[PDB]
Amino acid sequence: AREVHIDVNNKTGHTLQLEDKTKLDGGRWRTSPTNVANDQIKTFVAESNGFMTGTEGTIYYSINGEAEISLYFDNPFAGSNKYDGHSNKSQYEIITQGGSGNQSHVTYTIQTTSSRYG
């Protein structure tokens, strides 16, 4: 019973549309991902359900015909948890901070990309 709690914080300027391709490679959804409104935070939760396995998956969101977001999480059996957030268009950026442990928590902040000085 490893669990992964997921906060998705939408700061994109648009609605995050959940894509059907969203998938759990291991485990099950206690609370499953939904669309998330601009300037909104929602929490989704996944449960590991077997012997010496863990929870692992990727949530995919669409930014209104404009871009694809991928949020990966892994709370393995033994090991370090792993997480990543990626945007297929340079105009969006994901901040990823997630927990260590067993009942773990990760927050993905989907934001507008900033321009770096000089």
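In case it trips you up, residue 1 is the first one in the sequence shown, and so on.
Asker: Name the higher of the two by mean Cα B-factor in the PDB entry, 93-101 versus 5-13.
Answerer: If you average the C-alpha B-factors of 93-101 and of 5-13, the larger mean comes out for 93-101.
Asker: Once you work out the mean C-alpha B-factor for both 44-52 and 59-67 from the entry, which is higher?
Answerer: Here the higher of the two C-alpha B-factor means belongs to 44-52.
Asker: How does the C-alpha B factor of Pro33 compare with the rest of the chain: lowest, middle or highest third?
Answerer: Middle third.
Asker: Hey, what third does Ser114 fall into on Cα B-factor, ranked over its chain?
Answerer: For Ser114, whose C-alpha B-factor we compare with every modelled residue in the chain, the answer is the middle third.
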